[PDB]
Structures are given as C-alpha cells and as structure tokens.
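Protein chains in written order, with the deposited numbering: chain 1, 17 to 289; chain 1', 17 to 289; chain 2, 7 to 262; chain 2', 132 to 262; chain 2'', 7 to 262; chain 3, 60 to 236; chain 4, 29 to 68; chain 4', 29 to 68. A prime marks a further copy of an entry chain.
This is the structure in structure tokens:
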C-alpha cells in the first residue's frame, strides 16, 4: 500500500488545501497536496486498531468479596456475604466502559473469567482446597436467598464448578433482544412519570451469584472474587464522542457537581509552546 | 423459514378464526388469519428448545455428607457415615424432577459428576490430600456394610478413584429394562394388597456408595458429597401436564395436606388488568 | 356430494353405535392401535387373538351428572376386567396387550348448558390422601367397572379425589395436553377417543398395570332449564381392539 | 442527557420530551430536567468532540441554512416513538454572535424538520402522556 | 364440497368480525369501492392513503331496540369523524374520499320476532320539522357516532323524525329501491352492505358533505317471548376502505 | 379464595350491553397464564417471541344467542376501560352460533425482537379484554350465568431461548422414600 | 472425532430438526382444514 | 480446528480488512472532489 505519492511543485487553479467545513465533510487532504513529497509505503496493516482487538481483550469488569464459614445463626445470609450476586454490567469499570461507550451500538459474544483467591488474615493454619460454584441467573431465575437455596441445583441455571485460584471459562452468545447493546438509550422502558431512564431490558442481562459449596472449616476465609471479561465477535456502529467526565452509576451518563476541569490549562498566553 | 405471510383484507366465507374445540384439535391459526400481516422471517431455529438441551444439562440431583476419621469402636459404620450409600433417583431434586416429569417416558444415557469438598470446622491444621473411591452398585451387588468391606475391591462393581474437590466423569448407557424410564407408572410391581405403588424395577437403578480409602488423619473431616447429573441421548414421549404441587417422596406423585394455592389470585375483580 | 361430519357409525364385532351430534374422533398421538410386531417382542410364547370375542362395545354403568359432581375416573383394562371373556383372558394370563376405543355418551336438549372434559391420561398414577410417604392401595385404584367417583369420601388406601389437582398433583387446566375431547351440550353429545397401547415395553401385565385412565371432568357446571330434572346420564362405552394375550396360566388371583 | 443533581439521580420523562419547545441550555434547571451545561453536551462529553456525529456549521459569512438527512438509527427494526427518541437535534453557537455597530443583537433561528419513510404498526387506544 | 353461505368472515386491517347467520352481502349497485383514477381527478395535490390505519372495523355504541322504537339514522363519514386517526385525516383536510363496509349486528333466539330495515340512502337530505321554508341546522344532521334517534323530541335545527316519511318526504315502503338488507330474527341476525363512494364529483368535502346515510328502521315490531326482556341490542360496525385525503390543512373547525 | 374448577369458568350475565366480560395482561410468565402449560414452558426460558393463540368456547344453551368482541391492546396504552376504546386496536367480533369456539391470534406487535418472560415494563406484551358486542340472550326456561372456556396456545412462529430455573417448584429437604 | 469405542462416550446428537406438532395439535381421525367448518 | 459445535466457542474473526471511512468523513449528498471548490 502506498503511503505518500511523489509530488513536485504545484501551480494550478485546483486548491486542495482550501475547502469549506460548513458542509460537514473532511476532505482527505494528503501531505502531497501541501508540500513536495516522495514515494513512501505504509508497511502497516492496522490489525490492532480494529474494534475486535480494541474492545476484545480480557479485562476486569467487576469484583466482590464473600466468606465460607460456619453459617449457623445468620438469618440474612446473602447480605452477610454467605453468597453475593452481581448484576452483569459492562459499565462498572471505567477503563473498559469508556472504550465500550465510544460507540452507540455494540454486538458481541462474551468471555468471562472469575478470579477467586483464598486468604486468611486471622489465625488460620491453612487455606482450604475450595470448589467455587459460579452460577448464571437469567431474568426470572430464582434470585437465591441463602447459600443452600433450592437454586444451586442449576438444572436450567448454568453452573460452573472450580477451585479457588483457578478460573472458569464459559462463552456467552449475544444475549441482547436488539441487534446490539444500547450503549446509549435516549428512551424510557415505558411511559410513566416515575420510571427509570436508560436502564431497561437492554441493560439487564441477569446476574452472577458467587459462593462456595464446601462445608465450613474452622475459620473465616474472606474470599474476594474478581471478574474478568473479554469481548468476542465485536461489531460497532454510530461512533460517539470520547468520554470526558467520569461516571457515578451504571448505564447512566450522569456526572457529579462541580466536576474538575479536563482541559490542561496553558502556562502563559495562547502563543506559548 | 417464513414466519408471517403477507395478507390483506379478507372478505370470504372461509372463517379460519371460528372452530370447535370439542373435536380436541388445535387449528394452527396464524396472525395472517385475523389481521393484515406483512412478510417476515423466523431467523430462529429452536436449538435450545429441544428435549436434548432442555433435559441434557448437568445439574445437582443428590448430595450426602460423610467423614474420614479413626473409625475404631464404631460398630455401626455406614449409619455413622463412615460410608454413605444413595439409591439412584432423578426425583430427589425438584427443578430437574419437574422437567423430567413433563413426559411419561424418557430414554437417556447418563453423565455423573461427584463433587466432594474437604473442610474442617474443628481444630485441624490442614486439609488432607484425599482420594475418594466412588462405586456403582448394581441390583444384587453386595450392599457394603463397613468402610473396609469385601466389596471395595470393585472387581465387577465399577469404581472411580479421585481426590476430593476434583470430580469423576463416567458415562452410563440406558440401564432400564423397558425402552425408557417410566416417569409415570400407573401400575404395581405385582398383585399384592401390601405392595408399593409406582416404585418398582423401573425405578431402582442400584445405588452409589461414597467413602474415602485413605487411612485416617488426626481429625474428623466432615465431607459433603454433592452429585451432579447431565442427561445424554434424551428421547421423550407422551407429554404430560406441568407439575403444580411439590413432592414429598421419590417416584410418587403424592403431595401434602392443605397445600398452598398455586394460582395467583387477582387484585380486584376479573375485569382488572 | 353432501355428507355430515357429526353423523358417525362405529361397528366392532357384533356391536354398533350410532350418533348424529358427534365430534371429530381423536386418535391419541395420531397413532392407531397395531399388533405387536416381531421386531420388538421379548417374550417367547405365541400370542392369542380373540379378535371378535372381546373387541366389542361394552357399555359401562351410566353416571349421574348433577350440579355438584366433580368428575369420574376409570382405569383400563381394569374397567373391563369383569366383562365377559375379556376378563378371563386378562386374568388367566400374566400379561396382555390391547387397544381401546372409548365412546362417552351424554345427550341433552338445546336448553341445557355444561361442558364435560373427556381426557385419556396414560399412566395416571394417583396421589394418596394422607401425604408424607403414604401409598395408594391396589384395592382402590383397580375398582373395575365401578370407576372412581371424585365426589365421594376417601377411604384408607384410595387416592385423593381433589379433581382440581387431577388426583396426581397437576392442575385441571393442563390436562388438555393429553388426547381429550369436550362434550359441549350445545355442540356435542358423544365423544370418541381411539386409545392405542401406550407403554415403555412391548408387553406388560394387564392386571397389576393399567396403561391408560379415562376421566370425565365437568368443566362448566350443569345448568338445566327451569323446571327440568337437575341430572343427566353419562354412559361410557369402551371397545377393546387389537387384543393379544400370552401364557395361558392358572387364574390370576386378585383380592376378593 | 445527564441530570443536574448527580450521584444516581435520573432525568424525568416530563423534561427530556418537551415537544416543539425544545431544551434551552441557557435557562434555569428544574427538578427532573437534565443539566444544561452546553460544554459537556448535557451528557458528559466535550463540545469539541461532537463533530464525530453528522453535523454542519452555519457560518454567517459562508452558509445560512443547514440540511441534515437523518435516517432511522436504532438497535431494533422497530421501537416505541413516544417513550424512545432515536435522535436529538442540537444548535450550539460556537463563535459568539458579533453584530455590526448599531444593529439588533439578535438573529432568528428557524428549525424545519420533515419526516420521511414513515411507518406505524398497531393502531391503538391513544398513547397517554402526562398532562 | 360442503360449505355454508351464512358463515362469513371479513378481515380489514387488525379487526376481524365473525358471523354464522349472515345474509348474502349487498354490494351497492354492484360497484365495489375503488381509488379515484387519474382520468377523473380535478384537484392537483397528491392523495395520501392511510390504508391500514383507518380501514378497520369501528364499533359504534349499541342501540336498544324496544317495542316502540321508530328507528335510527347515521351519517357518513360523520359517524366516524370522532374515531381515532380517521377523524383527524377528515378534519385536517378540506376534502376526503373513502368507501364504507357497514355491518349491523342484532342477535336473538329462535323465539323472538321482528324485522329491521338496514338501508343505505345516498344523499339523505332530511326535512325540517317547522315546514314552510325552514332549514335543518348543521349542528344536528352531523351528530357523530351518536346518530339520530327517530323516537326522540325535535330540537330547533334538527330535521323531523317521522320515520314513516323517511325524514325527507318519501314513504318507508319505497326505501327498498336503495341497497338494503332485512335482519329477520328468524333467518338473519347480521347485515352487511359494502358502500362505495357515491357523488357527482371525483372528490368532495367530507366534513360538510355526507355522501351516504345508514338507517336501521324496525319494520315488524319486536315481539319477545313471554317473560323475556323487551329489548335487544343493535350494534353497528362500519369499516372505511379505499380511503384518500388531499391537502393537509389547518384543522377543520366545527362548532363545539 | 382457593383454587376451584370455577377459576377456568368466565361468568357471563344475560341482558348486558356494552359491558366488559374479562380483562387480563399478557405477561405469559405471570398472572393467569403462570399456571397454564404455555406459561409453565415459558417460565423455563428468559426470552420469548412470536404470536399467541387465544380462544374462547361457549358452553351455554344451544338456543342462546350472543355476540362478543375480543380486543387485543398492544403495549404503550392503558387497559381498555370501555368498548369504544378496546375496539380501536386489534379486535375480533365473535358471533356465537353453530361454531362454539373462536380463535383470535394475538399478533406479535413489538419493537424489540424478543420480550422477557418475567413481568417487565419495557417488554410488556399489552392487554387482553373481552366485551359484550350486543347482548347475551338466553332462551326461555333458562336462568343463571353461562360460562366461557378460555384456551391459550402458541403459534408455530413462537420462540424461546436462554433457559432459566423456574420459580413454580420448591424444595427444602432432600427426598427419601 | 471420538476417543472411545462404546456408544456411552459419544457426544449429544444436537438438535432433531424433524418436527411434527400435528400428532399433538391435530390428533383427529378426519382431516380438518383451517377455515372450513370443524363440524358439518 | 474447533473443538466445540456452537458458535459461542469459535475464535475471533481477526481483522475486518473491508474499510470505508467515507461514511464518516464525507457523509454528504453531493460528491465533493479534492481540489474543486466545496461551494460554488
């Protein structure tokens, strides 16, 4: 592929450097149009600039902490972290959320990696050989209430058994109802003066409930489960402006009050370098 | 595949909307028969609605708890959980039992996964590197009496050795005497005024006796063995009504007294939405 | 070319039934009864076919449909095990095989209102009334031509008669998945359901094992006109077909 | 758009759907209306980055009328038209209006929109919106 | 080859009407409605065709047929000028063009007696009750879905309601020259009349000018059986077809 | 108050003009449909699509006459409170005669390709109602109320995916003989 | 490719594309066509 | 070579060599050639 073509002195009535941006078009003016250029080649394909690689690398997108202990006498288990559940959202980590928000619509089959590590700050002679059960919860599936609920059977709910430290690897075809994820949804789920804006069916993919199935040892093993995600079969549409202000919520473009400046003020007047 | 065909105004003597359900037939009336429809396509195959996928996903179907300790002085071992045995039944977990009961006859080769986790609530400096022996017991095979019985040789009884936390994976061809499992058996094993109803040869597949073969450490390791099952080569016949009331037993459709209502009562009269 | 779909005639052996307001007969699962082929047989004794002697319409005792009747349930071949030579061919062997052509009869005028649910439930294992782990005793599930009246009081060993739960834990509204037909007094007065042999084996016992169960469940309550008798007779007629028996044996001994 | 209260506040349907009124970014914020900081495009993006979208500049010296043919943009073949607005038109003065000496410091901006390729499905009892 | 002429089904848009005792539908003057061809157009603006949005069965408020009811009269498209988007397409333009598929409904048992006269009178210019040279006021002839009840009291500006004189000076017995159908409770319960666009011009106003007028005149008095309610509901359902409008305009302003 | 056979019987009253027969939402995974075979099969899945088949069968006297209008209200609009509001949407006029059963197919009218089986506002299916077209006329010597039997079935264009665990069955003690 | 000889090891069959809902929806003796009178 | 049947298992597609920046750089109705007056 040719990068820059050979061009000598130009004295003609065709002025490729003069245009009118009022039309909204970006003329593909090349260096050969303003100066005298030599013959050069690209020697570059752009494989790492594709949306499949820009958005398709595994990264952490959510995390939680739980414990596996003698659960006797804990009426509220889930809220005591005997098992924790997380609503699938690609908008809780910012360094991937921004890349995903760079477009309006994204279609992808996902890849998940659930990273759990065993640990004991308190007196504990060893770190058990845990077997973590990771469970997918589709909309409607019984949101479990206890670590020993009638749900963990996982007859229709997907389950993945694995030991702590080692991770599960299951693929998910695109589970959206539309042809892509509504990265921006300038619309409501329904017409009501009290409904939530943006967060709708397109946003809720279910949730992931974390636990351990092994019966308790003699100490509290505070487990922190970090979740990693890679995007597969990525397709993007309607490119948008880069994210400038940070986030406070999931799926909402709402920002805080008195936010800090983003443009780097100059040192001196506009004429400084 | 065409989903809805194009149809305009219809003024004819053929009324596809009027029929007689007294015949017991469900006329395949389509949207094009009641309104004006446009040309649309299915874009859907139904791979996840097949009986092979609806019933053929691994799930927990039984569980038990045992220990591996100094068994000296325990005359009754099995009843003290020095080894526990479970009669194979697909009717002990409800979320899979209902899916299996949706039909009258089911033929399948099975897949089993035995999940054991090591644990020590009491004072125990470590969690041993166990080697669990899982054993299949066909009808007649000597139902073992002690953890060290003459059965564990497993010369004809299938055995699978593996460490706790990691699971065994053995396939079982369809072991029924009929062409399928009698999901409903409106019949007795024999003609006697004192025989059991439903539970018969078709139901008893043997049993799975759980243990550990390693000689004891210095502490009680209360092991809970959870069993997972996937159905393979699933074939279904004679579809039945969905299960409405819960269960109390295996293989029996018997329910409790004063059961709770299943239909969600309305808020108001029949005209409310 | 002029005919009618409500005028039907079924002739089996020496019995003939006529009707003029019948609905399209239902063939369970679009499978007509057929003799057991050799490619599936597991027993070695040769089968005897009392084709004409037993394959005839046997009329069962009629039932009284009142405003408070819950329904009726019959088991086959139990419902015909005391009927002539069929009962003897059923007892004196260890097993049997035969289809059934059920024909329910309920006639009324154009003023009556009501709807009966005639459904065939293969392998209708009923639930006991005591719960827990109680069983249902053979003496009740196998009544004979008597059938099971769902409005009567429960006896020790008879299943529960809550017609709502279909006596097995399933809702009444879901029985339509089975081959059924509604006897709508305004449209239909006689139902017909051709039942083939349904079982997981090529041959099974016919005394201890009932393949199918016939149920007549009134869905819409009987609303008779002002001044009329609040009762309508329901006559159930069943005709075996493609009958087979193997291993003529000392009489099968049942209680009583 | 983004709400003016931050945290996890939402924007109320009564404001984002004004009608022909539109949203004036110079007015005071009301409970349930999004923030009107034109710099952040009311959604957290900088004004200079809106040029990635289909746009046109009305330069008083070169152009006085802009035209943008907008097609139907959505992740579905059909979606609601009352609760869901597919596109949003914005007129943001970049360079301040500098009228000559003695002239009126105001210029009228008239927006004219023409639907095209319109379709509707399922004639229904009137959609009920507030007010 | 077996069918029936009384079982009819008419599907327009998303609406579907079913009947089992209908009479042969009447196509006024054997001319089905058709779009205005170019060879006759006089206006220059292009016509819009809300084919599916407005061409559907709109059910009007049912009327009560008593032993003393004289009849009912409806004007089109006035009867549907307050119905959904059709009314807006009718008002916001200066003119409109569309056909009509009228469907009258009056069901009863085989014991009731009576006969309704469903007739379409194109250009039914009614007579005033004051005589001399009095006019009929626009506020009355254009009721809307209300229609004109011929049994009520006359109001200043409403035409006379003497059903005998058809409200225009013609005898009731002579209305049969128009496309009509009788709803004979013993033979028919639902009438159907496909009305095309009838006018001396290719296009005319649809707000100030009503092309046709629907009338339901009971000929034989309603004789209900002993002990029955002396009333029967009459439901009129009209479905526009081949609709056209030209010159989307500031809303047509009618009184009120 | 409790489950009874009358729960499937839609009561009808004679001499009723412009009145509602019954009204129900179209959340097939909840409400009246939660217990039906279609609803039970749908609850095992998270997403559903296609058209539904709703049928009513008349069981009154044969000498009775009545006209009913089954009206389907697509999502976005409230439930119809009158017959004139119901008849504006997809509706089918049912003439009760020799044909005792009507078959009104609920057309698939949605923007998104699939709706959620669990009751959700964004993926609402709409409302279903029935009204008296003219009146219900019973023959002489007959009194009381007549009942309709309502049926639900899926069209060949029905779709289901994303299996999930159902909430219609429960267990808290592993089963023994 | 399979790694074992006996049929207990093979994988699932996938999907049975051969569908026939007529046996459950129209298990009637006489043929009933959509539109024609169910009973005559 | 794939080890699984369903498309959720296949690997990424790599790179989409089919590029067309004109839809974003020149989304104009009338054609504009480099050098010629944008407006005339």
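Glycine included, C-beta positions come from ideal geometry on N, C-alpha and C.
query                                                                                                                             : result
Length of the line joining the Cα atoms of residue 185 (chain 1') and residue 176 (chain 1)                                       : 15 Å
Close-in-space but distant-in-sequence residues of the same chain around residue 270 (chain 1) (CB under 7 Å, 5 per side omitted) : 264
Whole beta strand (DSSP E) elements within the segment 110 to 187 of chain 1, 3-residue minimum                                   : 119 to 133, 148 to 153, 175 to 178
CB contact below 9 Å: residue 108 (chain 3) versus chain 2''                                                                      : no
The beta strand (DSSP E) enclosing residue 84 (chain 3), as first and last residue numbers                                        : 79 to 84
Inter-stretch contact at 8 Å, needing at least 3 Cβ pairs: the segment 186 to 205 of chain 1 / the segment 119 to 128 of chain 3  : no
Rounded C-alpha distance that separates residue 318 (chain 1') from residue 222 (chain 3)                                         : Limits of chain 1' in this structure are 17 at one end and 289 at the other, which puts residue 318 (chain 1') out of reach.
Residue 209 (chain 3) at chain 4 interface by Cβ criterion, 9 Å                                                                   : no
For residue 132 (chain 2''), the residue or residues it bridges with in DSSP                                                      : DSSP output for residue 132 (chain 2'') lists no bridge partner at all.
Straight-line gap, residue 85 (chain 2'') to residue 153 (chain 2'') (C-alpha atoms, nearest Å)                                   : 7 Å
Residue 149 (chain 1) versus 258 (chain 1), 142 (chain 1), 82 (chain 1), 104 (chain 1), residue with shortest Cα-Cα distance      : 82 (chain 1)
Residue 47 (chain 1') (DSSP reduced to helix, strand or coil)                                                                     : helix
Rounded C-alpha distance that separates residue 47 (chain 2'') from residue 210 (chain 2'')                                       : 11 Å
Three-state class that DSSP yields for residue 144 (chain 2') in the structure shown                                              : helix
Whole alpha helix (DSSP H) elements within the segment 74 to 129 of chain 3, 4-residue minimum                                    : 96 to 102
Neighbourhood of residue 145 (chain 1') by C-beta, 7 Å cutoff - its chain only, sequence neighbours within 5 removed              : 179
Separation of residue 100 (chain 2'') from residue 253 (chain 2''), as counted between CA atoms                                   : 7 Å
Reference residue 93 (chain 2''), options 56 (chain 2''), 78 (chain 2''), 129 (chain 2''), closest by Cα                          : 56 (chain 2'')
Contact check, residue 99 (chain 1') vs residue 163 (chain 1'), beta carbons under 9 Å                                            : yes
Spatially closest choice to residue 172 (chain 3) from 96 (chain 3), 220 (chain 3), 138 (chain 3), by CA coordinates              : 220 (chain 3)
Exposure of residue 19 (chain 1), with buried meaning 16 or more beta-carbon neighbours within 10 Å                               : exposed
Beta carbon proximity, residue 211 (chain 2') to chain 3, threshold 9 Å                                                           : yes
Sequence-distant residues of its chain with Cβ nearer than 7 Å to residue 134 (chain 1) (five each side left out)                 : 143, 144, 146, 180, 181, 237, 239
Beta-carbon proximity of residue 259 (chain 1') to residue 120 (chain 1'), cut-off 9 Å                                            : no
Three-state class that DSSP yields for residue 205 (chain 2) in the structure shown                                               : coil
Backbone CA spacing between residue 58 (chain 1) and residue 21 (chain 1) [nearest angstrom]                                      : 11 Å
Residue(s) in a DSSP beta bridge with residue 186 (chain 2')                                                                      : Residue 186 (chain 2') is not bridged to any residue.
Within chain 3, the residues that residue 280 (chain 1') reaches when beta carbons sit closer than 9 Å                            : 89, 90, 91, 93, 94
Interface positions of the segment 171 to 194 of chain 2 facing chain 1' (Cβ-Cβ less than 8 Å), listed along the chain            : 171, 172, 174, 175, 176, 177, 180, 181, 183, 184, 185, 186, 187, 188, 189, 190, 193, 194
Contact between the segment 51 to 70 of chain 2'' and the segment 89 to 103 of chain 1' (3+ Cβ pairs under 8 Å)                   : no
Check whether residue 176 (chain 3) and residue 155 (chain 1) have beta carbons under 9 Å apart                                   : yes
Rounded straight-line distance, which links the Cα of residue 68 (chain 4) to that of residue 203 (chain 3)                       : 30 Å
is_contact[residue 20 (chain 1'), chain 2''] using C-beta, thresh 9 Å                                                             : no
Interface partners of residue 38 (chain 1') on chain 3, CB under 9 Å                                                              : 116, 159, 160
Unbroken stretches of the alpha helix (DSSP H), 4 residues or longer, contained in the segment 124 to 189 of chain 3              : 142 to 145
Heavy atom of the ligand FAD within 8 Å of residue 66 (chain 2) beta-carbon                                                       : With respect to the ligand FAD, the structure shown offers nothing to examine, as it has no ligands at all.
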